[PDB]
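Using ideal geometry, Cβ is built from the backbone for each residue, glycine included, and neighbour counts are taken over all protein chains shown. Any read-out appearing in this document is the output of simple, stated calculations on the displayed coordinates, not a laboratory observation.
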Amino acid sequence: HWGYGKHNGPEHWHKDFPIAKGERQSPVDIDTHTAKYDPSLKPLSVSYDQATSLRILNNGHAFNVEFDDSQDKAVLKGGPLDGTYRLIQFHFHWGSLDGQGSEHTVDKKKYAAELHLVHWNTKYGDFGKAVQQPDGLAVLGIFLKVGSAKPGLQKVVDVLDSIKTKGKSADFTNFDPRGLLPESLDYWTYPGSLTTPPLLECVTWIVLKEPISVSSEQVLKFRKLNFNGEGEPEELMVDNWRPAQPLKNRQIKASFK
Ligand SMILES: [Hg+2]
Ligand SMILES: [Zn+2]
């Protein structure tokens, strides 16, 4: 099926998923001199105090930290969003080298990795229904650069050994996503899509300007993951990012200036 290699990668996705060439595809390049400050943006509200993680899963493309979304707990609201969006999972995209890995780019700059915290609009009852709606999802995107270690990421790093291959999962309770947030909540926002098939055009993107710094040894451990299933030829899980897609006259707004 779809992947990131030469024969099943982003350039092939359009065949099974025609929407790959659609009008609001993600990621995009954020041209900082074209994005306009928007005075009508409300303050962004990230409320992760009562977040309840359940488990971590290697799905053969990335790893997802999944949350219990059966109650209103970890929610994103404010900014460009109307109503309340519930955290369901987070995952990352990363490179084989520090000079690449992010999906969004900033004035064509690629970061070492990108964190996606995926939330669904609670007016639609659940995730599956939300992804049938143009405002069904909100994704908080956070860039990763290589420098000082991120202490709040280490619990994730340490569990990766138990989920090396496609299909493996581990109990992952009491993880606090607040340990993954940078100081500032300044952001760019635009309407877009999921960056993995089925590439559904249901996302309000909120991409934070301030990256988090992770250590070289932290990202190195990301790179020890496998795309393949256990007992199969080893294919390192690296470069699981989709490159920037056409903006198509969409408007990127900034929360700051
Ligand atoms: Hg949609
Ligand atoms: Zn993602």
Next item on the list: Provide the three semi-axes, in whole Å and in decreasing order, of the ellipsoid equivalent to segment 99-171 as defined by the square roots of 5 times the Cα gyration tensor eigenvalues.
Entry: 27, 21, 11
Next item on the list: Apply 1/(1 + (r/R0)^6) to the Cβ-Cβ distance of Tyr37 and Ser70, taking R0 = 30 Å, and write down the FRET efficiency to the nearest 0.05.
Entry: 0.20
Notebook entry, point to check: For the chain, what does -39500 (n - 2.57) per DSSP helix run (n ≥ 4), summed and divided by total residues, give at 222 nm, in deg cm²/dmol to the nearest 500?
Noted result: -1500 deg cm²/dmol
Next item on the list: Label segment 1-128 by shape, choosing from rounded, prolate and oblate, from the square roots a ≥ b ≥ c of the eigenvalues of the Cα gyration tensor; if a/c is under 1.5 it is rounded, and otherwise prolate applies when a/b is larger than b/c, oblate when it is not.
Entry: oblate
Checklist line | Total charge dipole magnitude, the chain, about the Cα centre, Cβ charges on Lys, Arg, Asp, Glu only, Debye to nearest 20 | finding: 500
Margin query: I'd like to compare 60-71, 32-43: which one has the highest average count of other Cβ atoms within 10 Å, and what's the full order after that?
Written below: 60-71, 32-43
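Wrap a convex hull around the Cα atoms of segment 125-242, take a quarter of its surface area, and give that in square nanometres.
Here the figure is 8.9 nm², rounded to one decimal.
Place the peptides 211-224, 13-26 in order of packing, highest mean first, counting for every residue the other Cβ atoms within 10 Å and averaging per peptide. Provide the component values of the computation, followed by the final result.
Values: 211-224: 17.8, 13-26: 16.1.
The densest-packed peptide leads the list: 211-224, 13-26.
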Notebook entry, point to check: Can you tell which of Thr34, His12, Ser96 lies farthest toward the positive end of the dipole of segment 7-152, using +1 and -1 charges on the Cβ of basic and acidic side chains (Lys, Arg; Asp, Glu)?
Noted result: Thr34
Note to self: For the chain, give me the percentage of DSSP beta bridges that are antiparallel, rounded to the nearest 5 percent.
What the structure shows: 75
Check: In the chain, how does Rg compare with the Kirkwood Rh, expressed as the Rg/Rh ratio over alpha carbon atoms?
Finding: 0.93
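How much net charge surrounds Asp29 when only the other residues with a Cβ under 14 Å from the Cβ of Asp29 are counted, with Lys and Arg +1 and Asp and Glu -1? Could the numbers behind the result be given before it?
On the way: positive: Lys108, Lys109, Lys110, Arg242, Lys248, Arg250; negative: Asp31, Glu103, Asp107, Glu114.
For residues surrounding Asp29, the net value is +2.
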Check: About its Cα centre, what dipole magnitude does segment 73-116 give when the only charges are +1 on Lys and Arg Cβ and -1 on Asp and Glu Cβ, stated in debye to the nearest 20?
Finding: 160
Note to self: List the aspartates and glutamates whose Cα sits under 15 Å from the Cα of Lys253, skipping any in the same chain fewer than 8 residues away.
What the structure shows: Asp29, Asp31, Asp38, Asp107, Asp186
Checklist line | Stretch gain in nm, segment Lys224-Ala170, where the contour uses 0.36 nm per residue and the Cα spacing is subtracted | finding: 17.8 nm
Checklist line | Full-extension gain in nm, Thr52 to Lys257, via 0.36 nm per residue minus C-alpha separation | finding: 70.3 nm
